[PDB]
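What follows are structure tokens for two forms of the same protein chain, given separately as structure 1 and structure 2.
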Structure 1
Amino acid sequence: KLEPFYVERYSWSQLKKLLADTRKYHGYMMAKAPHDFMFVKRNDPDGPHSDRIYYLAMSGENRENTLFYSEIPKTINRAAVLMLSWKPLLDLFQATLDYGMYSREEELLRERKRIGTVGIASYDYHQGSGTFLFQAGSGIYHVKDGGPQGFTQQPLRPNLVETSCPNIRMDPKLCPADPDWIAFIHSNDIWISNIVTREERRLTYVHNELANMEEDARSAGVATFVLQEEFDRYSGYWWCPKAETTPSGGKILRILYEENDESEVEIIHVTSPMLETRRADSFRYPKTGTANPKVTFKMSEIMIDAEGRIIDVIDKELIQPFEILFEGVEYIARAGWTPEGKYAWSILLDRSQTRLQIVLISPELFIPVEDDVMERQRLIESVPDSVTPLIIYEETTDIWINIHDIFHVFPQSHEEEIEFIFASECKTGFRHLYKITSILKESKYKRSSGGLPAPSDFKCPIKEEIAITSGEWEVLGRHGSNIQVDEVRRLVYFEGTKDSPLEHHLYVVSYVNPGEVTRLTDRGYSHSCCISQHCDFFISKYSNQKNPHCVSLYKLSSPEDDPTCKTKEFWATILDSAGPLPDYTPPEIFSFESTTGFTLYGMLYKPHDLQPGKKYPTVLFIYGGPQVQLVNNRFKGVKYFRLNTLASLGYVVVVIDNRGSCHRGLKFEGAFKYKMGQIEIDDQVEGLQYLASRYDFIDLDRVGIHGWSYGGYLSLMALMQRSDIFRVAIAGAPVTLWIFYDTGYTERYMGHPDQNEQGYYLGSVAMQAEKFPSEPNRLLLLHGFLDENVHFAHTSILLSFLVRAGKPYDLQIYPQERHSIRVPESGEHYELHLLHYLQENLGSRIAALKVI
């Protein structure tokens, strides 16, 4: 047997220094890498550059995220490496746009989007005009570059869209049909504004700001909480991309929009950030098994004259109710328009999130809003029976639909036929690309006859459904991953896991005659990529376990003999890594064949200065919930630097991707359907025991577990289920009662509470307080006091029952925090307390000495 290693026992002040010192040189890495790329052709045969790329980035730390451009040359010196100069697009020389001073609406949107970046978070572009449009702080701004106006050689003054609106304007979008017009949201209604004429018009009259929210529960053009939190949809209006000309010389613009009524959604109260007020803000929060918002589509029809003045605005609604036309639909997951504007589209889910359908909605299906019951019938009867919704695709699953951003509609060959690419895990269990052609036939349902439509009545038959990709690996379509379709060469570029579940790579394949899938990115790195709209360059942001993130540009060509075959050449560097981080030792990726049938992957951080014949305390860092993969071949020295710190003090650090994790397919993900909390710890312990039999340095008598969010949830489950294995559990922002979490997440993974009584019971820590230990110095709870996603009541109710059960707990609250750490001092305190708790209760000599 082996001697236990005890960590050096630092004071709280000493640990504060140690932590500060190791973060000092490491301050550069808090800075957004170049993103939101767009390529624009120069079309200058005499000039040296083929393209100008535009992107968002920070030049350094303590500096705002802004628009830059770089110049792509026609030719390169292949002896050398081209570093592209970042030229700032905007005049920011003694001129800041975003300070950190956010409205409530911005604060919340930042939580929902998970963005911590100051400045421009995104932008719109209109290629015909060269018009950029972006929100930055209070203001909405525009500049022109890359259109007929030409290419600037110097930074541009951002032009403020002026306003009479009193409150923050949100979600600005350029009209693709007319770039003089923008729309935005203000106090939950849609407005438009002309950036030349300065004319500004409110389109929807659904919310009064002066009313208190308990009465005034309607909104237009904006996505409600669950859409933002659980479906990554932040906008609820979409411009029609074409204008109908009028005989007068004018035009008609159209905005499709979601109108929401939250009246029957339950109201909770979250503590207001201004703690001194001793008040609480109301939120509409659909808890599991309760009402989601009443939703419908509406359409705004905007008549413009010959010289851009608004003649009239006509608010239109669906000819029959949403619930009749789209039987069984609970959520509008996505929406848009077809490229030529003939039809609006939407991707629609049922409440259980096991049925997806894609529906085309003609504008002819909307009529003017008319309270007058006589002229309303005239309007209804005038719309022909042949005009119905068209369900172009419908799919089901025993597990769940994962919503993604892949959907590409080709130009129409024929009036009665639509051709598109979609992705799905429902055929094979892995997300793949399918080219689908649907027939747009007149429905058997005729409104005139005065009945309601039967469920199948709007289903379009499928002419062809060809699989473009296939295999035991997924195409990526969520969280920034998407496709790029080259309609000339008839190819589709996409990101996937074909080569490895630990690396994302860029692939290309024919959509017309699909076969060999060609990998474009180099093995040994994981890549996040985007492809020029012209399909002749791509950019890869890439790293691996040993090497920090770089961003490089690659040129695409094909050989003379085969235009389908695509090849790559390095062109230039956009961002270099500046070596490997000093005093960072990366982990080793390991794997083990589980008794569950699956290979499971993990990361092991060995203790630094590992003495032979000693056994070391062990810390299991965990997330283990859906939509996340911790273990992959990416640089972990930025986001997970403190795992390396733990290792440096003498902790073994372990991370395992249990079943339920991302990037292993739907069957793998599906392992915990109805069963959250019941399976994940078995995987964690199995991985832990694999390591322990292989490596005698792991002291199994001193294992700790720590996680945030689903990680905190599981940290509690570890302690409750397996007190024999886990000595301490440090749970951050856990769910302790699934009945208090929301509809969109909870019902997806656990179903309705009445149809899973035991799953809800067993998955709910707070129902099981008696199962916690009766020894102190094992349970530490952490929570953001202002958290509106995971309410603090998860913790307060757990404590309520721990107190009744006579069980000890330790507790830390971060009173300025929600479901995130945004105040640096909060993070500093957390890290310090964590290291101190581990030292005193797991790792040190004194920890061992106090265990009776």
Structure 2
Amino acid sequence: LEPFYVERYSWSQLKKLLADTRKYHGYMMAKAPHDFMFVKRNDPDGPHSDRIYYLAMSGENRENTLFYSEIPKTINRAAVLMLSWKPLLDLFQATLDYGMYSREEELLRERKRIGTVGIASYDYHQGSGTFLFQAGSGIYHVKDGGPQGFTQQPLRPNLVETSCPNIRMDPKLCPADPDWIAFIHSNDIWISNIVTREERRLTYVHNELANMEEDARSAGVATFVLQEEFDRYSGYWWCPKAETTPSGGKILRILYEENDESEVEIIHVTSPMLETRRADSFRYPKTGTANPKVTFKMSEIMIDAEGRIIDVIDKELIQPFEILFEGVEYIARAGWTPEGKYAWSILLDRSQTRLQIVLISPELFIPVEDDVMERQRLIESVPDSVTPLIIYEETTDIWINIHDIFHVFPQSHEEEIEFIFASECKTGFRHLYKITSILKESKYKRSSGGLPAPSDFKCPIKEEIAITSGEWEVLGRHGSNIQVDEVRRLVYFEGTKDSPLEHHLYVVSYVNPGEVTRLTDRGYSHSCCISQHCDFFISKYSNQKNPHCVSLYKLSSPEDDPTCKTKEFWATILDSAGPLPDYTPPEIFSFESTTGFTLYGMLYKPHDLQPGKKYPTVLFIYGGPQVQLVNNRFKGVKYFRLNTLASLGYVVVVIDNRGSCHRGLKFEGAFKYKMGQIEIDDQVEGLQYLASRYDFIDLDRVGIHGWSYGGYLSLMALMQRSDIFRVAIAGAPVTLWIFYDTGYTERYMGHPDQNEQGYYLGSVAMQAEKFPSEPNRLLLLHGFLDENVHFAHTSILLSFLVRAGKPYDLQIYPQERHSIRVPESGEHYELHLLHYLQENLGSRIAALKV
């Protein structure tokens, strides 16, 4: 077999080639309809059953905004109904413009109002039809689908006026009174009345003028680790029901997280304003050090019969958070029971091996008092029966994977709570469990004076029915959740039962759980939303050949059996763009690993495959936890450049090694305490399977490339298996696990003290001497302003490479964080990546160079 050498293009020629292939790919950067809501018309005379609201991007270079579509009562099954997108909102037209201006100073200004005025999410109040949403700086409201009815034309968004000097974040409607909204301003919670215009600051925890070294406190906002490592952004939750006062007014309540980051390590990331030559101070809990001091607080808001604020009482926990919630480090999730009788929270220990679900009575909260005399009176005025109620507690020798599934049923019995919750802890696969918990009066008496025993708040489990089971998981992360039909007593859920390469929508009874019914067509992976009324569901679906598509499906039963659930295609929302020109999909393959697992992979055959010729091989890798790269989804948008590599004459390989997502907790836990030590074996094992099966794979010229965990494994690969991998391009790599944060590192590797050898062997920076003594094999890429994987990882690694006398190549993106945003940086990266592979792997110059 004679070796194939890629065409050796100049830098200018490659720049043009990459620009040419990018030109017809402008429509791709445009968000598909999401955040769906079904509102019933209730119009016997009218042709429509439901109006659906949703966020979407009408096209390329356009604003993510609110649209609505009409769901007919009947369809012509001969034809294919394509729903029209009606804009819910009028063109904002940024107010306080005035000036004079002209056509030449206005048609250029309209280009600047694209990325700014875009809606990321919205709130809705069914009873009033009130929409609340942030759009750029402003917080706006409109009404549709409530008592006022249904508009046939775009509505003008109503600016919520403010005296607040800074940007208002995280706006939320009060479910108990849609005249009242809350929002965050300079790390404190405010409320505002969209009718009376009354604006009121609830928390006085942060002073914007003060230094961050001094002022380390915030309220209603999730800290770094919770946003980046636990996918939680909001830190405050409205009580969904109001308490009527004797005066004829009401009490509105907000549960909120209060964080003190005083003892959290301060690091300095370079200021984006590079001319200043300054750095921003940042609270980064590096593994082994202090997380923020977290507690629960409640804001009690007394409103009179006319809707004016009487008083605001800030309340703290009767005892310290550390006493009431022994061994809890993280508030992963929080909210209210539907009646708002209890606040709930999903709490985690530092090791992230113990999850607790805790009901917190508002009665646990007493007014904040400096006077210890008056304070001691308030403590005693609260009964001993009032206590935190741990309605659930699970453990695992691997780790708790936090999800968004948790449905609380209406409280029928006084001393019982009934809920659905997902868990991997029982069978090592995420399954739905219906649990009933007895709300026992605690054996612990607060009056006695002693501290509580580890399990004095634990509630007995009356019932724990498994709703699902098997060698497959229910999905509860990154949009995946459940819809509970409390009427027909069903639960709709996404899962991997039919294949781990395809997400599918299933339905099943939660009273007499039996046969699980797939509602989505095989041959596609599905992301699904189910109507609150459980008579419709939308699917965002793709496969390897066909771009993403959004269709609506009506649910019904056979006349004779309401248990049996069927679906019928109703209408298309977003039509698929269809097979993309100059994109060849990859082939999904698999191989029986000597590890006892099936490992899946994607293979990109070189375009215009010549017979009896071996080609250079780029292995694209991530290989870290919480990610699956290999599945039956369209890859021609996100991983379009793996196709471009193939077109230039590269074999491209992707392998989901042990640790990957959607295969169960055991397959994931494979590398617990051992990160870096097992991933490249699985990559080589899969790479050697392909080489024996296909003769066109040249193992003499294998490249490896990845970002984040991919860049980390790219370095580990050149370090461990220089016999396999000629070149390694490492993007934003983790080089030293003691530098990375608490939430991620401790979850997979434990505390540094209890895994000295795991941390050492897992850190590439500590093994610089093991890198090749040949240049043109190692290339480091890093954004200079990266907040997640700091540039320090690279700079420390380089420091040790210089000591060890090893060569390296380096590219910096001075104005980029982790994810490259500014197009010029992305174009330069793509250009340099191809040129490097060309010059140091692909071409014949590369072969002569050794």
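Along the sequence of structure 1, residues get numbers from 1 upward. Shifts are known only where both forms have a C-alpha. Rigid core (definition): largest C-alpha set, two forms, superposition within 1.5 Å.
Core-based superposition between the two structures shows that, of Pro148, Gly100, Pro166, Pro582, only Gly100 has its Cα displaced by 2 Å or more. Comparing the forms between the two structures, the C-alpha position of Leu109 differs by 2 angstroms or more, with the core used for superposition.
With the core held fixed, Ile304 shows a CA shift below 2 Å between the two structures. For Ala335, a C-alpha deviation below 2 angstroms is recorded between the two structures after rigid-core alignment. Here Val206 exhibits a Cα shift of 0.3 Å between the two structures, evaluated on the superposed rigid core. When the two forms are fitted on their rigid core, the residues between the two structures that move as a run of three or more, each C-alpha shifted by 2 Å or more, fall solely in 93-118.
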